[PDB]
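Here the structure is laid out as structure tokens; the discussion comes afterwards.
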């Protein structure tokens, strides 16, 4: 077993009670060791709710009916040690992610150390005028600044997209379009933290 598999098997139920400990360790038993070939499984949990799993040696992606998507991976803290990065994304009513960090023994770490959430202005197009009619009309709709994160399956990188634009009324979208960009921002894990690329 790889390190992610080890951590997943020993994750306390209370840390992520999507399935019971026994359901989890029985799922993994039927899976056998996690490899480069993603293993798909689905379960109706005794806890309530259907859960699907993608189990790979380098990432686990879970879909739930309650908390949304949970995506987790190991990231190198040094060349000898690791931390667990878990990205949990509600998909409705508007896609919005939380990034959590843990030690490999499931001790919670303060996220600020590894990740700084971008401001909505980071998603602005060039030459944005903060006194423009368009900006002033949309300003109050820019917050809550929902953002959806996708951590890569295969490199130590992530992309984050603002999901404010989809929240706007149809008559607002043309005003927002002059300054609010749908292009995702990319970050790379470099020496124990995410850095904007």
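Laboratory data are not the source of any read-out in this text; all were calculated from the coordinates shown. A quick note on method: Cβ atoms are made from the backbone with ideal geometry, for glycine too, and the neighbour counts reach across all protein chains shown.
Sort out for me the strands (runs of 3 or more DSSP E) sitting completely within the range 75-166 that have 2 or more residues that are farther than 16 Å from residue 184 by Cα.
Filter on the range 75-166 gives 82-90, 96-103.
Name, by its number, the condition in (1) in contact (Cβ under 8 Å) with a residue 60 or more places away in the chain; (2) more than 30 Å from residue 82 (Cα to Cα) that does not hold for residue 165.
Every listed condition holds for residue 165 apart from (1).
Quick check on the range 22-39. Is at least one of its residues surrounded by 14 or more Cβ atoms within 10 Å (Cβ to Cβ), touching a strand residue (DSSP E or B) at 6+ places or on another chain (Cβ under 9 Å) and assigned to a strand (DSSP E or B)?
yes
Pick from the range 4-21 the residues that are surrounded by fewer than 17 Cβ atoms within 10 Å (Cβ to Cβ) and outside any loop (DSSP other than H, G, I, E, B): which of them is nearest to the chain's Cα centre (by Cα)?
Of everything passing the filter in the range 4-21, 15 is nearest to the chain's Cα centre (by Cα).
Show the residue pairs that are 6+ apart or on different chains and have beta-carbon atoms under 7 Å apart, the first residue being within the range 7-33 and touching a residue at least 60 places away in the same chain (Cβ under 8 Å), the second being surrounded by fewer than 19 Cβ atoms within 10 Å (Cβ to Cβ).
That search, which allows pairs on different chains as well, returns 7/104; 11/106; 12/106; 15/106.
Among the residues of the range 168-197, how many are within 23 Å of residue 110 (Cα to Cα), touching a residue at least 40 places away in the same chain (Cβ under 8 Å) and assigned to a loop (DSSP other than H, G, I, E, B)?
Of the residues in that region, 3 qualify.
So for the range 42-56 (the condition being under 21 Å from residue 115 (Cα atoms) and surrounded by 17 or more Cβ atoms within 10 Å (Cβ to Cβ)), does at least one residue qualify?
The answer is no, given that none of the residues of the range 42-56 is under 21 Å from residue 115 (Cα atoms) and surrounded by 17 or more Cβ atoms within 10 Å (Cβ to Cβ).
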